[PDB]
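Next up: a single chain in structure tokens, the form deposited in one PDB entry.
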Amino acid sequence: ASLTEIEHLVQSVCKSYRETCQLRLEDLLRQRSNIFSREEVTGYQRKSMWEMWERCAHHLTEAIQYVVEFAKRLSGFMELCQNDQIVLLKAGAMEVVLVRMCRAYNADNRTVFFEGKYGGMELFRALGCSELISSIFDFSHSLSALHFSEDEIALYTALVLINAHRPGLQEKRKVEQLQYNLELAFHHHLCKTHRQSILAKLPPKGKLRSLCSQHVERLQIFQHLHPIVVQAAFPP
């Protein structure tokens, strides 16, 4: 890989992210002022855990669809066998959703963008998942301190997905090559933008993984009793 090929990979990953980010950073930032009132918060708190589950599972299904679209636009992902494509997305899509969340998170008031406005973790009281929600808000709080640029997120989330250590891969050597090219692209781009300092500040690989596992455990008890059919927007 030459300077030109690496740089093209950076630009491409960043374009694929821009096209699949779901919510524009400009829109999310200008809505930080639009905070849920005490009456609106109480309104969410009065809902059944079943009503909150369906609303949240709908938004989560939608977020996952955008992550899948991002993966499909990454060089070589499409060329991997269907098995390996499923293995990478089964293991990493949720983890990417957790990383993307920091964009919709305001660290000043500890609020998150949810259903048109910003609200604190108390909005989710009915779910009875206060420890898990708190961990989600803590993880988002820690990433927001890094002032992650859109391009840093694109490159970092591409590496969350393109991981050769996922159990069950049939073409491990192809994923390894794709991973290193993206690692080279990420490190090169950090050197061009004087952002070498973020690498040591990134959450340990195990942190996202455990949070994803804790999340999936809770999600399963909910979908076991309440499945839902949500509309899918895309592909080309």
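Numbering starts at 1 and follows the sequence shown. Between two forms, the rigid core is defined as the largest C-alpha subset superposing within 1.5 Å. Shifts are known only where both forms have a C-alpha.
The stretch with the higher mean CA B factor, choosing between 94 to 102 and 74 to 82, is 74 to 82.
In this entry, 222 to 230 has the higher mean Cα B-factor, the comparison being between 5 to 13 and 222 to 230. Across the options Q177, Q45, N34, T193, the residue with the most elevated CA B-factor in the record is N34. Ranked by Cα temperature factor within the chain, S140 sits in the middle third according to the deposited record. When the CA B factors of the chain's modelled residues are split into thirds, the value for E62 lands in the lowest one. Compared with the other modelled residues of the chain, the Cα B-factor recorded for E115 ranks in the middle third. For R209, the recorded CA B-factor ranks within the highest third of the chain. Only modelled residues enter the ranking. Ranked by C-alpha B-factor against the other modelled residues of its chain, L182 falls in the lowest third.
Same protein, other form: the form deposited in another entry, not shown, and the subject of what follows.
Residue displacement note: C14 has its CA displaced by under 2 Å between the shown form and the other one (rigid core superposed).
When two forms of a protein are overlaid on their rigid core, residues whose CA moves 2 Å or more are considered shifted, and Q223 is one of them between the shown form and the other one.
In the other entry, the Cα atoms of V230 and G128 sit 3 Å or more nearer to each other than they do here. Figure legend: C-alpha atoms of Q231 and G128, shown here, are separated by at least 3 angstroms less in the other entry. Where the rigid core is used as the reference frame, a consecutive stretch of 3+ residues with C-alpha displacements of 2 Å or more between the shown form and the other one occurs only at 219 to 236.
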